[PDB]
Structures are given as C-alpha cells and as structure tokens.
C-alpha cells in the first residue's frame, strides 16, 4: 500500500522537474490585474503556450527511460501530448485557491478573452470536474507524466517500450490516491477517467485557436510544429 524507497525517489525527482514550470500566481496576477483586448489575450496565450512547450520538452527528457526510446517515437509522444498537458496545467492553475472573489473574476476574464462561445462551456466543464478531484501537486505531476507516456498515441512504432515507462508511474499514482483519499477508493479510476476528456481538446485545438475573435492568427514557429496551425 505504502510507497517503496524507489517510488519515493521517482516521485520527488518528478516533482522537482514539474516545479520548473512558470508559477501559477505569475499567470493569474497578469489576467486579474487588468482586462485586455481579444488581440492582446491571443498574444498572451501564444507566449504562455510557447514557454509551456519549451518547459514540457525539458520535463519529458527527465522522465525515466524517455531518452532510451526511438527518436521518432519521442517526437510522436511529445506532439501527441503537448495540447493535453497545456489544458491539464491550465486546469491546475484555475483550481488554485485565491482570495474571495478572485476565481470568479479569473473565470469572467477567461470567458471574455476572445475564445469562441462554442469552446468556453467544454473548457470550464473540464476545469470544474478536475477541481472536484482536489488533486495534490504530486497527482498533477504524475498525471502529466502519464499523459506524455501514453502508448496509445498515433504513429508510435514500439508501444511496449512506452508501456514499460508508463506502468511504474501509474502504480505510484494509484498508491498516492489511496494515501491522499482513503475514503474514496474510486479516486484513481476518476483521475484516469479525466484523461479521456483531456483527449477531446486535442481534437478541436486547431479550430479553438482559429476561431479566437481576432483578425490575424499569428503563431511562433515552435507552435506551428506542435499545433496543427499555419
């Protein structure tokens, strides 16, 4: 039931790499301070997402066994998980506790950022349902690692090799779920269930970006490689 010394070592190593990401407070301070036009908000999103992918590649490289994978499979895992990891991180930031009234303002500011109405509802439906899990930082870190090391990703030549790397992370997450939420034995299944909803954002990511209420949709060369844009 308890984590082994090897698992505790794995967990702290993954926590340390995960903590290298841009701080949630930095992001919410910017959105909460003042209101921006849809044009300014689009630019904030592309810079935020560019930094996210850069740090995600650094986090992915540190995942045990990742560097032993075939180079083409490495690209396929990164490309297959980038958008999902971005929405998982956004969901984590959204659910961080803030002073009274701040989360209501954050929600209203995101709702009026320039994103199409069609996508506001499924985005907030996902954020609120992630929030009901009351996940710890370790649970978000492991889930992000599990998302990256998905063997069921398209163009993966050697699935078994990816499975071998994901399995120890799934076992660590399962133990944490039993430790953090012993009254809810369904917790682990609920976290895994949320990965299916994550996959839906990846299906409509390009349309979500192109329907942003701006006249021009400019993307960084790194974003064009990761997103199906320009």
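In this text, the rigid core denotes the largest set of C-alpha atoms whose superposition between the two forms falls within 1.5 Å. Numbering follows the first chain given and starts at 1.
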- Positional deviation of Cα atoms in 9 other deposited structures of this protein after core superposition, greater for 109-117 or 78-86: 109-117
- Message: Comparing against the shown form in 9 other deposited structures of this protein, which stretch has the larger RMS C-alpha deviation after a rigid core superposition, 143-151 or 119-127?
- Response: 119-127
- Higher of the two mean Cα B-factors (40-48, 24-32; per PDB record) comes from 24-32
- Do the C-alpha atoms of 49-57 or of 170-178 have the higher average B factor in the entry? 170-178
- Message: Highest Cα temperature factor in the entry, among the options 81, 136, 74, 116: which one is it?
- Response: 116
- Note on the structure: From 156, 143, 110, 86, the top C-alpha temperature factor is at 156
- Task: Name the third of the chain's ranked CA B-factors that contains residue 106, choosing lowest, middle or highest.
- Result: middle
- Third of chain Cα B-factors occupied by residue 150: lowest
- Task: Name the third of the chain's ranked CA B-factors that contains residue 121, choosing lowest, middle or highest.
- Result: highest
- Query: In terms of the CA temperature factor given in the entry, to which third of its chain does residue 229 belong: lowest, middle or highest?
  - Reply: highest
- Task: Pull the Cα B-factor of residue 93 out of the PDB entry and bin it into the chain's lowest, middle or highest third.
- Result: lowest
